[PDB]
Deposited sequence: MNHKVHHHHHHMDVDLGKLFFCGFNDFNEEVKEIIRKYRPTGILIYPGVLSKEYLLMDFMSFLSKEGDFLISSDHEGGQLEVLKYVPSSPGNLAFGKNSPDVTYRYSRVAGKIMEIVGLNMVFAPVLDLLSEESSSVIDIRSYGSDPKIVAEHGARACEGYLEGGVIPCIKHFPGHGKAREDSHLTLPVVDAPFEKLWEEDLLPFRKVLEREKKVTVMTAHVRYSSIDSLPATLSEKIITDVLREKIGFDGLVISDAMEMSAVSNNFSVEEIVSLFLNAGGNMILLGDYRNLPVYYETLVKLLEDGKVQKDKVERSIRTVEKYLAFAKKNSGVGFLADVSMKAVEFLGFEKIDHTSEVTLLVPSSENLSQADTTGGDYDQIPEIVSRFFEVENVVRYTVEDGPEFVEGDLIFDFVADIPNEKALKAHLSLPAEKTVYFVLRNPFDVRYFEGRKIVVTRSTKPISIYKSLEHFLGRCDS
């Protein structure tokens, strides 16, 4: 139940992350560049989430200034789009959505409806902002991702730890809030992210922590009853001014639904805080169930597809182990990595070899990497454990170099043609049928 109320950022994928997700079951999964820029990890992560349950998976891929998804054509951004027809915004959004879906994302942290008063905004004109945001939201929706409008009730006027807007509510309602009204009044399956700002006309609390704003204006005045999510609670604007206990309770009591933690590593403290609040009766249980239900309702209509995780399975299924069940964590391994013989523009082999050291380092302590050329084979070396990555064996000379290695403690990764197994009768062999990072990554993971 309580994991539904949490949205977590991940900058890596590893046993710790797996553990946290299994232990607390947070529904919200925000994936950052430390995962995304390493497509084998992204694929594994998605494979894992596929098997583990039912998640809202998001990114900060707004287009323009903030772009993290390689898969999605680069956008000049919202301010550019602000001078075009809202139809094209619909167009870009529907493409981003579609690609996001294929990849496996089912939510996006966008569009920004804050006003200019910079390139992250559609513009200074409230109507134009609303027109674009609305079409943006339908685009994303039709593409396959639940969007998220930010930052309610509008961050555009703010001034500096917790920034402050002193516009009177009337001004706020006609200008900053307009796009939020239009969008919510027209699109339903939309989430809303709250602003870490003090609106000195209406509450001393930051909007994120204000019931006046979330309840009185968002839920009531505008009558929005969908998912409300915080900005990241570690940001200085709130974390420097409030205890975790204050934060968790104020937000939930204000009507918020999901707490966003930019750092998954903060979940055990936040979750246990909430457990306590429920025991204290300081957070009314009905408010928690309402949010769980709201969360599950979005969960229900979000797309649920393996995304890119299927590619991790394809890869794993092609691998063969020959001559061993497994081996153990030896602090160090020496890696014999063949040099990038091919320099043709479309061939990716070279880079794949370049990545091997870092892949391996997720499982062992590489300690030593030495590069060797294919035609000679590798130069004899000694170490506790030795991985010899094999591309091809072109000649008896090389073949010998490869076999001079201590059979008791080398593992040959037959990366290309499996019929190179023949050259290692009665030795320890990993047959990937590819040089790709993911194939190598999955192998090691299966020790």
Counting from 1 along the deposited sequence, what's missing? 1-14, 132-138, 182-185, 473-478
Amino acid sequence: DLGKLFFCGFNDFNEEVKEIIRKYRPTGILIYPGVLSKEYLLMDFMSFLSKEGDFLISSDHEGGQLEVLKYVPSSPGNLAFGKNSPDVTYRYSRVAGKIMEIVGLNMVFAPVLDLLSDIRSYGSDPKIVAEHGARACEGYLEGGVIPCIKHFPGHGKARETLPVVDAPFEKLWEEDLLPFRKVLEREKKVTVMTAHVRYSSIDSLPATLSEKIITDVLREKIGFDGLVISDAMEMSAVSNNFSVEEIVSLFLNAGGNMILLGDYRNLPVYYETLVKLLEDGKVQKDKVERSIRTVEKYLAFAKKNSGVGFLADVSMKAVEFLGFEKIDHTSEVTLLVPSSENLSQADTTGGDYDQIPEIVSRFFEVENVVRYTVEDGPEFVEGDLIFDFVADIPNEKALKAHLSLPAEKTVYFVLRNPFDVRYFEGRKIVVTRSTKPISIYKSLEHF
From here on, numbers count along this sequence of modelled residues.
Return whichever of 136-144 and 285-293 has the greater mean Cα B factor according to the PDB record. 285-293
Between 419-427 and 434-442, name whichever shows the higher mean Cα B factor according to the PDB entry. 419-427
Using the temperature factors in the entry, find which of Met258, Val164, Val308, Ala96 has the highest value at its Cα atom. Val164
Among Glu187, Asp176, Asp231, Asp352, highest Cα B-factor in the entry goes to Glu187
Within-chain third of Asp384 by Cα B-factor, per the entry: highest
By the record's CA B-factor, is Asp54 among the lowest, middle or highest third of residues in the chain? middle
C-alpha B factor of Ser37, ranked within the chain: lowest, middle or highest third? middle
Within this chain, which third does the Cα B-factor at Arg219 fall in: lowest, middle or highest? middle
Record-listed C-alpha B factor of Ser243: chain third: lowest
